[PDB]
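Colleague:
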Amino acid sequence: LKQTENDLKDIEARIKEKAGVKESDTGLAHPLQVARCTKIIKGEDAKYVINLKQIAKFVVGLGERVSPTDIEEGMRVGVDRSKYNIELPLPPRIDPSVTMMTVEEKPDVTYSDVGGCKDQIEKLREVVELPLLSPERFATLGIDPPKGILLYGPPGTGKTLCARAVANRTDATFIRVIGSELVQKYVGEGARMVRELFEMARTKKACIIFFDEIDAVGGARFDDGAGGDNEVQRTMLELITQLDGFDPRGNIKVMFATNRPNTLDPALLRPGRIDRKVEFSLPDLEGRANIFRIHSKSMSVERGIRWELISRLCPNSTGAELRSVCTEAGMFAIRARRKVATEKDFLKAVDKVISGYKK
Amino acid sequence: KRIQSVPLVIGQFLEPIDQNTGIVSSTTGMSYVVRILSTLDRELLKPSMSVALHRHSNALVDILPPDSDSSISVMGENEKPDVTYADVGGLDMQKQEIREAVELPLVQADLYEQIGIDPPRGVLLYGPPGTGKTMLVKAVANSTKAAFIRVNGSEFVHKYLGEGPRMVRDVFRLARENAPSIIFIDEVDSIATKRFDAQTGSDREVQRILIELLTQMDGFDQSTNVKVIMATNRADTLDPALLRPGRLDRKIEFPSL
Amino acid sequence: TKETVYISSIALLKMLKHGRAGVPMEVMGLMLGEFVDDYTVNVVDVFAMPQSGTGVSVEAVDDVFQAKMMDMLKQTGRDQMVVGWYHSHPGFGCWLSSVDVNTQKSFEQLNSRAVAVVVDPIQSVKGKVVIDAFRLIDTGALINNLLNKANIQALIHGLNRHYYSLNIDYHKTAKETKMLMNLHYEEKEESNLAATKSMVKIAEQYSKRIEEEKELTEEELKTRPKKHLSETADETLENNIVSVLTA
Amino acid sequence: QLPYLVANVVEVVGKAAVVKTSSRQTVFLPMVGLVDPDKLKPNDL
Amino acid sequence: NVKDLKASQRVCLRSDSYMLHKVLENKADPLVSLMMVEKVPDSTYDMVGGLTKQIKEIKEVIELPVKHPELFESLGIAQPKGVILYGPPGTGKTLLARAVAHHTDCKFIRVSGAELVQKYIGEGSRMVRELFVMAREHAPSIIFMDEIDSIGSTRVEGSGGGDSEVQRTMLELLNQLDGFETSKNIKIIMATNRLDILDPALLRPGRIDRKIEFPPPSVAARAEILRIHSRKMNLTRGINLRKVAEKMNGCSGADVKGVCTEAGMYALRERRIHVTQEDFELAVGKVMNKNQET
Amino acid sequence: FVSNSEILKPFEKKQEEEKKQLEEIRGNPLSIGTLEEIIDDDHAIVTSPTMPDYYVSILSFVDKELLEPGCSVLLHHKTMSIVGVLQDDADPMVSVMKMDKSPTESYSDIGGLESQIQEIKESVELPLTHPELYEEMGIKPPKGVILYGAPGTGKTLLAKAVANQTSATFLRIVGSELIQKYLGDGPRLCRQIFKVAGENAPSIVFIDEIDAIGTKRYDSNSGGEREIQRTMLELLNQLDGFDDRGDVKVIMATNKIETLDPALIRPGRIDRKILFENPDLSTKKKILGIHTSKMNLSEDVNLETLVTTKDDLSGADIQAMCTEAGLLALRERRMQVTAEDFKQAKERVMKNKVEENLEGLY
Amino acid sequence: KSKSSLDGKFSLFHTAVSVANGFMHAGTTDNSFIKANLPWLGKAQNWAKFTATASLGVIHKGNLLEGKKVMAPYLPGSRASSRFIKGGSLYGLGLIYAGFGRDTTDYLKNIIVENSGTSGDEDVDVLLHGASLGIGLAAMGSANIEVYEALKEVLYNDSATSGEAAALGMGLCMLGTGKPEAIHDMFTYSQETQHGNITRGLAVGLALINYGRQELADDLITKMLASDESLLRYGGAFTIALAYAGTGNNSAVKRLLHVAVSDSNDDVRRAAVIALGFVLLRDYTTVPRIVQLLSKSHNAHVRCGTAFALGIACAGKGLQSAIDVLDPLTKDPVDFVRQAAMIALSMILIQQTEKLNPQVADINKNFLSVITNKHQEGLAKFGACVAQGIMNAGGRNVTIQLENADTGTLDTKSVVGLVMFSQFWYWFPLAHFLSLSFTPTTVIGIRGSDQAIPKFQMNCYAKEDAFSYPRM
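Residue numbers (the deposited numbering), protein chains in the order written: chain H, 49 to 77, 95 to 108, 141 to 456; chain K, 87 to 343; chain V, 23 to 168, 180 to 217, 230 to 269, 276 to 298; chain M, 74 to 85, 113 to 145; chain J, 103 to 396; chain I, 75 to 436; chain N, 316 to 787.
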């Protein structure tokens, strides 16, 4: 039944299509990021071909050519990813993924690894929370709340969590963008993505753009003369222009995260773009005990023990480490031959992960 | 004859597969399997040649001699010297030393044979250049009617892994064909300094050249139809490997008093 | 299918000369002659049309130019029809462009039938001349020399493509040919001059032939070569002999 | 005919210029009345 | 047919018609890029007799598997697949390597390391891959690794990252061979005299299975090496070679070759085909000064 | 046998007529190429492997739902239209990959590493066989382990052994070799590693020696190189993107952890830290015991005698000792290996390894 | 077996199996190919359809009563299925009635004089073509100045189609010693008018009138060889061939050897080696020595012409040595040399085949192999297919002769017949003149008195060669 249906469909379609493409190829021949038409020749004009590639620079410049639909033929009327004039016939720069980042409006996280982050958490409240809550109070005062925030210290161990916790509280869309994706290996492909991210920010406004990595898309380096990182440089400049240029920065907050605090590019650094510089704050003794209770709710353990006890033996540990204690107490628990974890598995589990870590 | 005519592209011969098949590399970066000459066979034909190919009839028209000159990875050739010894005075002792080291094995094979020695492939000159020391070297090149081949030993100092170390082998090969010849090495002590530590790129090359000369000198039985003259101004920045005899036998001093 | 398209000497000469200077920008012109029955296309003359600096096109044909040359031709007494067109097109000689097919289709409806002559000037310096002649569509030998009638049955049902590679021949007239051969004062000067200059130079040539012999003879000894020695003895001998003969 | 290949210039005798095309070829060509030798340089279309 | 087309087959493709017009041979191309093959060498190790003790050791480590696998096989041992030689530099190290190769009738394949690990994307990659294909096919074959060495004859003083990066690449291949292929009697010779910047995992069995120490020369040995080489030389009768050797101190195998070529140079300067004991003593003293430099 | 042929020949024939009819419509010859991107207006932009790009229409053999980005495809020559689908097994998708599907090496073959054996077993083998202990308690499993030590004797052996036990594809990539000297191409290469994994699981991903691309510096100015750090980051972000209970376990090799990011450890992924030591007396006894099985030998040789003069060595030294010993026995022309032969061999390798020395007794 | 292996390899492939039909079924009366394939006719080109009608002309040859009768539904005043058929009808009738065409000739003459006034439509040209071919066969061997005159005006229209016919027709009629007039008038007129088809037709036309002439023909021989036109020189050989036909002359053969070697034009070499055979018909022992050299040549035209040369001269008798030469030529690299060896071989060995000579089984097998193969080219399979017809001609009973052994004397029909035969790709319906020289091998009772058909064996000892014939 099915096998016969598929093949007939494929032959039937293919013969019609084969006739139509051959017809459109006559002349000598919608994503296009470079568009040959292989010596369709006439002439004034009648070649009308945009190639954007380093080899072969075709400029159809000096303002208008008025056309109904057309540059020239060859399945590939268009004007690549970067335009040598030629004001946009037929859809060339609509490309399927020019977005791929993860948006979480009104986040799940509100308290996860956010215990003993008190100094960090208070800063976010004053900077983000209160101008969102009352835009009128900041206007009357004369001040601007921070246009940009830069967050450094151990990254995603509680950092991303803390950010999601403040955002949920105000009901503010959290937009999480992965630095590394912004690293596409095609022309502009990169300038495409940045632009639409900031367009989205203005529509959905009252929102946080969280950039994990900013050295993935690059900052300062000596390696621009070292012959490759052209693609990188296009992305970097596009980003700066969009932000400082016409993004309102009262409710829309941009948060930057960095791995080396000393590798910023001078454009990035300067006040009017980055104001607030926030430290990661490590969970404190009281805080670690609470995070210990939160994560063991999934696990199947005795509730008559105290979390506090594990914390005294624990030295200064990021939210990630606390979680690592919790999965390890259960592996210990199976090893010691019981299906509950005692205090004693928690103590062993601390001893193992914290020595192992050696940072 | 009329078809097989200039202008031709130059490409390089890899190997003859069999008779009337050879594999060739065109210098376009396209390689082809082609037929070969029926003027040559396999006894008239060596595997590595520079060759002449037809442009559109892509086949072995003619054979050229090997060639090495190019504007990448440059080598200095100086043909027809014009310097004859005792340019500077007080090199009486030194005029005699060079003469028996460099000049003598090329002109007379026969004296080395009868004593029962094999001719030294290397001489080391220590002293300042351009005092009287260079002048003598150039004078030997003239008298033997030898091509003077000037090598700046830090010139490969190229920053790639690839072209330069390959070239140096080819230079010496080209010298043996056009025997006799002088390979005259400016500051061989530059590239007698090598890695000992992690330095990654941009320090890797001096190892490559040093090793290339070493493989050749120790790896092959002695002959001299081509002489290697090393010229040195820092005498401690050498490596012992060079200085080992049975190959490098002559250590000629330039006098300073 | 099969047609002997007969190219006049003058047409040929003027096409190779023009086409070699004209490239890399395409050049075209019109072929003059007659159809005689079928099996035969005679091309009598050819004249150039203008160049265009990015290549000639169907958009560049100009009927006033072609017209003004013919009318002026007529009063010599040159009265021919158009039988086709020539184009340079590098890298065409067994293939056609989709532009060039379409171009041929317009041209052959004006004429009775028509050839697209495409000359390639790159392999015209390699000790060969490349030229081909095409005509897809028409009746003239696609029905006299052409499964069975396979090209024109499929042709008419459409959604097909075949080039229409034709046959070609040459000849103009005997008198032109005797004249061309009389291009080669003349033969006498040439022969004396060579004679004197041979006697001067025989001094180097003597010695050089002694080496050739000597090399050959040495080779043979090791081996036992004989073939090289024979070739090499004949060449030297024939060439003495002419040097002696002149005097 | 639009487009044209761009070039940079490496020779500006009296009627000659050499241009280096974005097709990695250097040619010896003559100059015309629609060029000035003052707009023949690197960093110009 | 496709039934005569196999993996790594070279074929010839029409460049207008893109079909197999003919078939060549299977094999990968040799390329001369410092990685070259040199079939059957001409050296002999009894030029340098009085190196006898190394001679017994070499014979058994390298030659014996190739000539008689069976002994090693019947005992039940993972017979040698790599050799490291360690100890005194500049003994005409390479000559030995060739001499054994001539005896076992194999290719001497001299590989430059560092141009396997390039500034061009992968290209280096191309040469690692061709090398391994050849050496399984043309097996048994002996690989001498140029640029790792500390042995006075191809010295380069190790490296922390220029020929430690290359040895890692080598080390994958050797690992792959011990697995499914299970290929032995395919040999790599390393020699180096420093390992305080070279990786130890190479010296572990799998790659290098035997580690043999070079003997130090003696007065009694230097006399032998001299005795062989002078035999071609015309001598003045009444000469005593043990005396000349004893006057040597420290001298390695290459230095002994220097003594004859210098003795002869002294004779040559005086226009003599015969060389006395006295010239030979004066030559050795010069040779000793050469080892003291740097 | 006879039964197949009778049926086979008439059955073959109908298929061939149909098969001929198929073959005519689809054409030959073809270029192979790779899909750049797949477009739902029934188009495709394709990357031709000769280089250029052509916006082509699909010829119906497959739909765009029976196609994925980066699939290998049959291209014509018309404008390079998509004639048909082809497999990616053959056409490249690799960085540096030794594939060893179910390797030769096993715990039985490398003697007593028993304590090390036990650790690697609870992290790597146990999830794959038994998700159930992790699931019931409700804890996440280690999905990575790190192996520290020297390879061939520690890191390499345990990782080959375990894969063979779990019947998973062992993939060794050499980290440093990606250490390519051009900006930008490390990150492509990391992508291809992760791409192959998800396609071809179950797998053990072995990344050898991440300390050339594993750097993370403190700078990118003043001799700082920007590529090295970029590659390290792409590697990290995919690794953290992948999480499994028994599709992928990751084995690392490296000998410094303070060149690595604390998010490439990612506490709650890499729980386990397995390290090689020099073995115990009992486990040494087992390593000896296996290796002497394979010998023919004297009976004056004992496992016990050999143990007492040992000061704790690696298993590799014990292996090396056996090859050196047999070589003195074969040199004396005999197949009996004495207690004296193994003792001479042991002393000698130990001596070559222990080039640094320090008085410890005082 | 043959037809059904492929229908590929142009409309030439149809022309061959039409021709092999007609030869096989000759005078037996047997229409088998046509009955089956009327689609096959739709495949076939204009010129193949003319051969196919006319092939019926060979089949119904022998009946001089129902020979006309069969052709009746295909005459004008009764029309046809096709105009291409219609033309082949008047060519097939002339085959049947030749040399006794007496009535039909006056009839056919009127169609000719009639469409010279007008009829430039391609359908009427092909009609005018058939009439002209047919009538030259029919009035052959008998002077009719009315025939010469008529045809000369078909020439003055210069039809590429009709001119060929007309031209032969003037040569065929005026066979004998010609007239001084015909010679000067045709020869001048050949330079004056231009066509290729005409030039080939008028040259062969001019040769034909010169039969048994010898030194009186020497004058037109000089003029033709002195023309620097290829067509006329191609014709020039035959003139010698015919003029001296029978009588061996060394001078005459020498003139053909000179033209043959030194001229650049390839076509002339082939025609001229063919021409050697006819002089040398009676010195047939000399032919294996002459063409021992010339089968080893660098020009393929020479090799093709020589398969035919040796074949023609050595047809009426043995010559095993001769068969040894043609052997390489069967498998010769060029397709048209393969073709010609196959055809050539079959004309000699008709009922010497069938394991008389051990090799002839391998040749017969090979004829089969080619047809069955479709990797063999159009001319190679063409060559296998017509050679099959010659061997198996008239049911394996009737024979290819020249320097007959069944009549024992020279025949006009035969020399002329092979000369038409040498061209068959040069102009396609020329095959049918092979019809004129199929001879019966018959062994029958006989009466000195008036016939009644006795049939009795004369029982004398004999070899096996009605027991060795080709096989089913």
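Each residue gets a CB set at the ideal place from its N, CA and C atoms; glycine is no exception.
Indicate the three-state DSSP secondary structure (helix, strand or coil) for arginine 231 of chain J in the structure shown.
Modeller: Correct three-state label for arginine 231 of chain J: helix.
Colleague: Taking all protein chains shown into account, decide if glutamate 265 of chain V is buried (16 or more other Cβ within 10 angstroms of its Cβ) or exposed.
Modeller: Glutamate 265 of chain V is exposed by the Cβ-count criterion.
Colleague: Drop a sphere of 10 angstroms on the beta-carbon of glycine 149 of chain V, count the other beta-carbons inside from all chains shown, and report buried for 16 or more, exposed for fewer.
Modeller: When all chains shown are included, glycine 149 of chain V counts as exposed.
Colleague: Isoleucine 153 of chain V touches chain K at which residues, Cβ-Cβ below 9 Å?
Modeller: Within 9 Å Cβ-Cβ: nothing; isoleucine 153 of chain V doesn't reach chain K, min ~15 Å.
Colleague: Within the same chain, show all residues whose beta-carbon is closer than 6 Å to that of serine 404 of chain N, passing over the 5 residues directly before and after it, in chain order.
Modeller: Cβ neighbours of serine 404 of chain N beyond the five flanking positions: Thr368, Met386, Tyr389.
Colleague: Just verifying my parser: in three-state terms, what is the DSSP assignment at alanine 327 of chain I?
Modeller: It is a strand residue.
Colleague: Taking 9 Å as the CB-CB cut-off, is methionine 198 of chain H touching chain I?
Modeller: So no, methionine 198 of chain H is outside the interface.
Colleague: Please give me, in chain order, every unbroken run of the beta strand (DSSP E) with length at least 3 that falls completely inside the region 267 to 311 of chain I.
Modeller: List check, beta strand (DSSP E) in window: 277 to 282.
Colleague: Beta carbon of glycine 315 of chain H, beta carbon of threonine 415 of chain H: below 9 Å?
Modeller: Cβ distance not < 9 Å, so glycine 315 of chain H and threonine 415 of chain H don't count as in contact.
Colleague: What are the start and end residues of each continuous beta strand (DSSP E) run of 3 or more residues lying completely inside the region 554 to 581 of chain N, in chain order?
Modeller: List check, beta strand (DSSP E) in window: nothing returned.
Colleague: Beta-carbon separation of residue 821 of chain N and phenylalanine 697 of chain N under 9 Å?
Modeller: An answer regarding residue 821 of chain N cannot be provided, because it is not within the stretch 316 to 787 covered by chain N.
Colleague: Taking the alpha helix (DSSP H) that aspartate 440 of chain N belongs to, which residues open and close that run?
Modeller: Its alpha helix (DSSP H) spans residues 437 to 454.
Colleague: With a threshold of 8 Å, are at least 3 pairs of Cβ atoms found where one atom belongs to the region 709 to 716 of chain N and the other to the region 653 to 670 of chain N?
Modeller: Contact between the region 709 to 716 of chain N and the region 653 to 670 of chain N is present, because at least three Cβ pairs lie under 8 Å.
Colleague: Taking the alpha carbon of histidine 190 of chain V as the reference point, which residue from V:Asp202, V:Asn166, V:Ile159, V:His204 has its own alpha carbon closest?
Modeller: When only C-alpha atoms are compared, the closest one is V:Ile159.
Colleague: Does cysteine 259 of chain H pass the burial test, meaning 16 or more other C-beta atoms within 10 Å, or should it be called exposed?
Modeller: Its Cβ being crowded by 16 or more others within 10 Å, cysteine 259 of chain H is buried.
Colleague: My guess is that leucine 139 of chain K and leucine 94 of chain K are in contact by the Cβ rule of under 8 Å, so how many angstroms apart are they, rounded?
Modeller: Indeed they touch by this definition, with Cβ atoms about 6 Å apart.
Colleague: To which residues of the same chain is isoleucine 761 of chain N closer than 8 Å at the C-beta, ignoring the five residues directly before and after it?
Modeller: Correct list, in chain order: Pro769.
Colleague: For the region 165 to 188 of chain K, which residues have a CB atom closer than 7 Å to at least one CB atom of chain J, in sequence order?
Modeller: Listed in sequence order: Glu186.
Colleague: Mind checking the region 60 to 81 of chain V against chain H and listing, in chain order, the residues whose C-beta falls within less than 9 Å of any C-beta there?
Modeller: Result list: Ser74, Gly75, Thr76, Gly77, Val78, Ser79, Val80, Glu81.
Colleague: Applying the criterion that 16 or more other CB atoms from any shown protein chain within 10 Å of the CB defines a buried residue, is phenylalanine 316 of chain J buried or exposed?
Modeller: It counts as buried.
Colleague: With distances taken from CA atoms, which of N:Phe415, N:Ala359, N:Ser393, N:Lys350 is nearest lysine 376 of chain N?
Modeller: Of the candidates N:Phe415, N:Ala359, N:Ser393, N:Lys350, the one whose C-alpha sits nearest the C-alpha of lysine 376 of chain N is N:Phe415.
Colleague: Is it buried or exposed for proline 380 of chain H, if we count other Cβ within 10 angstroms and need 16 for buried?
Modeller: Buried: at least 16 other Cβ atoms inside 10 Å.
Colleague: In chain H, what lies closer than 8 Å to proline 126 of chain I by C-beta?
Modeller: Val99, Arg101, listed in chain order.
Colleague: Below 8 Å on the Cβ atoms is my guess for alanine 77 of chain H versus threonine 153 of chain I; work out the distance and round it to an integer in Å.
Modeller: Indeed, because the Cβ distance is near 5 Å, the residues count as touching under 8 Å.
Colleague: Which residues, taken in chain order from the region 90 to 116 of chain K, show a beta carbon closer than 9 Å to some beta carbon of chain V?
Modeller: Listed in sequence order: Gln90, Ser91, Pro93.
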